Amino acid sequence: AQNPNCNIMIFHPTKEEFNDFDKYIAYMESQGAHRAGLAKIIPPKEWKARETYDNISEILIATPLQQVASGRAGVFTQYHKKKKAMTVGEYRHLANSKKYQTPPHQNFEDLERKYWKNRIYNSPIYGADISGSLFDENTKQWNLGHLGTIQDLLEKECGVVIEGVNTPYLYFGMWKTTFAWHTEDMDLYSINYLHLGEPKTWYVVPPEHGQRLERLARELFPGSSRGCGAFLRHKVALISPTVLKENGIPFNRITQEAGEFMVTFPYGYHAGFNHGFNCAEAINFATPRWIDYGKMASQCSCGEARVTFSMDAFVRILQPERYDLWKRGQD
Ligand SMILES: O=C(O)CNC(=O)C(=O)O
Ligand SMILES: [Mg+2]
Ligand code: NI
Ligand SMILES: [Zn+2]
């Protein structure tokens, strides 16, 4: 069995191996990459996402979110307070202001310590889930706006044509902006490209140990758990690496830098934070191996998680028994 310790693997494809996305994902899985829940892919040196980032300041962040924490330093929830619209240029200036900028630090490990010690005491502002792309239309390899759609994958594997579309989203971050512990909708893959700026630190639980995380989460967030059998789908709960180690939860950590891709695998719980001003692009995707995870994915039916239009069909076709209840939560 390849990668039995479930370590995060790092790949360095050649330009020739970068030509066929599906084939390269399947190659990574033949080496056991999926067992970690997360892999890093460093693109060939010949590749570029686009020519420059000099013309992005007029993108609009229509609903910036202020991430307000409650709890203790190692175990907290965050809610997202809506703020007034601002451009990327305005957001970048805000991120670099004395109130929000990255503090002085020695290395990534010192910054991580500072994050976990101090995150709850501040409320950073995040631009999330902005539909759009920064890949040049003439970038032909690993262009996240030109990947095969999940609806086409389901049709190829299962024979059923469904409505829906699958497009990329941009994320503008600053110091301390945080992504809570979650798996992807319908336990999909994700791919994330860090276009520019400061790094992003990731934590991940191996898929084969996901239920261990879930059990801890129900203990640490007992009211939320009573409210919803799938409350991590609300994307609000944070648990530090010190708390995870204290509770014997298997996990790994890695820092992504600008110019690097990360892939999350089906049912790989992950969380993390941004080091400073940055811009990432991400999209969900599927492979044949995903189908069986889609059929088993939990779902939020309490009303909180409220998701994309296109998730309807996945629930309807892969989880017909759950469909009725889930849809009542969406209406
Ligand atoms: O960049 C982000 O906001 C964090 N991304 C993810 O959770 C992802 O790609 O799955
Ligand atoms: Mg612009
Ligand atoms: Ni994710
Ligand atoms: Zn819920």
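Since every read-out is calculated from the coordinates, none of them should be taken as a lab result. With ideal geometry, Cβ positions are generated from the backbone for all residues, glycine too; neighbour counts draw on all protein chains shown.
Please go through segment 193-213 and pick out each residue that is within 16 Å of ligand 3 (Cβ to nearest atom) and either assigned to a helix (DSSP H, G or I) or surrounded by 21 or more Cβ atoms within 10 Å (Cβ to Cβ) (or both). Please lay out each step first, then the result.
If we filter segment 193-213 for residues that are within 16 Å of ligand 3 (Cβ to nearest atom), which is where we start, we get 193-194, 200-207, 210, 213.
Answer for segment 193-213, where residues must be within 16 Å of ligand 3 (Cβ to nearest atom) and either assigned to a helix (DSSP H, G or I) or surrounded by 21 or more Cβ atoms within 10 Å (Cβ to Cβ) (or both): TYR193, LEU194, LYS200, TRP202, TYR203, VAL204, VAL205, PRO206, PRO207, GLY210, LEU213.
This table checks each residue for (1) surrounded by 15 or more Cβ atoms within 10 Å (Cβ to Cβ); (2) under 26 Å from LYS40 (Cβ atoms); (3) among the small types (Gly, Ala, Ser); (4) touching a helix residue (DSSP H, G or I) at 6+ places or on another chain (Cβ under 9 Å).
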| residue | (1), (2), (3), (4) |
| --- | --- |
| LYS235 | yes, yes, no, no |
| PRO241 | yes, yes, no, yes |
| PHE251 | yes, yes, no, yes |
| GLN256 | yes, yes, no, no |
| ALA282 | yes, yes, yes, no |
| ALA313 | yes, no, yes, yes |
| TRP326 | yes, no, no, yes |
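Given the residues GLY272, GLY303, which is the only one that is surrounded by 17 or more Cβ atoms within 10 Å (Cβ to Cβ) and away from ligand 2 (no atom under 16 Å from the Cβ)? Before the answer, list the steps.
Details: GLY303 fails: surrounded by 17 or more Cβ atoms within 10 Å (Cβ to Cβ).
Residue meeting the stated conditions: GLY272.
Filtering segment 102-144 to residues that are within 20 Å of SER57 (Cα to Cα), among the aromatic types (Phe, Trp, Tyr) and not in a strand (DSSP E or B) leaves only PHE135. On the given criteria, is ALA85 without any contact (Cβ under 8 Å) to a residue 40 or more places away in the chain, in contact with a strand residue (DSSP E or B) (Cβ under 7 Å, 6 or more places away or on another chain) and either over 14 Å from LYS176 (Cβ atoms) or surrounded by 17 or more Cβ atoms within 10 Å (Cβ to Cβ) (or both)? The answer is yes for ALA85.
Any residue in segment 91-101 that is within 16 Å of ligand 4 (Cβ to nearest atom) and either in contact (Cβ under 8 Å) with a residue 40 or more places away in the chain or in a loop (DSSP other than H, G, I, E, B) (or both)? Break it down into steps so the answer makes sense when it comes.
Our first condition is that a residue be within 16 Å of ligand 4 (Cβ to nearest atom); within segment 91-101, this holds for none.
Within segment 91-101, none of the residues are within 16 Å of ligand 4 (Cβ to nearest atom) and either in contact (Cβ under 8 Å) with a residue 40 or more places away in the chain or in a loop (DSSP other than H, G, I, E, B) (or both).
How many residues does segment 145-178 hold that are within 25 Å of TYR24 (Cβ to Cβ) and in a strand (DSSP E or B)? Qualifying residue count, segment 145-178: 3.
Checked against (1) within 15 Å of ligand 1 (Cβ to nearest atom); (2) in a helix (DSSP H, G or I); (3) out of contact with any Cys (no Cβ under 7 Å at 6 or more places or on another chain), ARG233 meets all criteria but (3).
Take the conditions in contact with an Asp or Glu (Cβ under 7 Å, 6 or more places away or on another chain) and buried (at least 19 other Cβ atoms within 10 Å of the Cβ) and apply them to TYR293. Does it pass? The answer is yes for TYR293. One residue stands out in segment 1-33 among those that are assigned to a helix (DSSP H, G or I) and small (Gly, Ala, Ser): the one that is surrounded by the most Cβ atoms within 10 Å (Cβ to Cβ), namely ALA33.
Does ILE283 fit the bill of being of a type outside the set (D, E, K, R), away from ligand 3 (no atom under 14 Å from the Cβ) and touching a residue at least 12 places away in the same chain (Cβ under 8 Å)? I'd like the intermediate steps shown before the answer.
Numbers: of a type outside the set (D, E, K, R): yes; away from ligand 3 (no atom under 14 Å from the Cβ): no; touching a residue at least 12 places away in the same chain (Cβ under 8 Å): yes.
When the stated conditions are applied, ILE283 does not pass them.
Quickly run through segment 34-68 and pick out the residues that are away from ligand 2 (no atom under 16 Å from the Cβ), outside any loop (DSSP other than H, G, I, E, B) and touching a strand residue (DSSP E or B) at 6+ places or on another chain (Cβ under 7 Å).
Hits for segment 34-68 are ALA36, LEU38, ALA39, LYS40, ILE41, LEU65, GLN66, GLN67, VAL68.
Just a yes or no: is a residue in segment 214-226 among the aliphatic types (A, V, I, L, M), in contact with a strand residue (DSSP E or B) (Cβ under 8 Å, 6 or more places away or on another chain), surrounded by 20 or more Cβ atoms within 10 Å (Cβ to Cβ) and assigned to a loop (DSSP other than H, G, I, E, B)? Looking through segment 214-226, none of the residues is among the aliphatic types (A, V, I, L, M), in contact with a strand residue (DSSP E or B) (Cβ under 8 Å, 6 or more places away or on another chain), surrounded by 20 or more Cβ atoms within 10 Å (Cβ to Cβ) and assigned to a loop (DSSP other than H, G, I, E, B).
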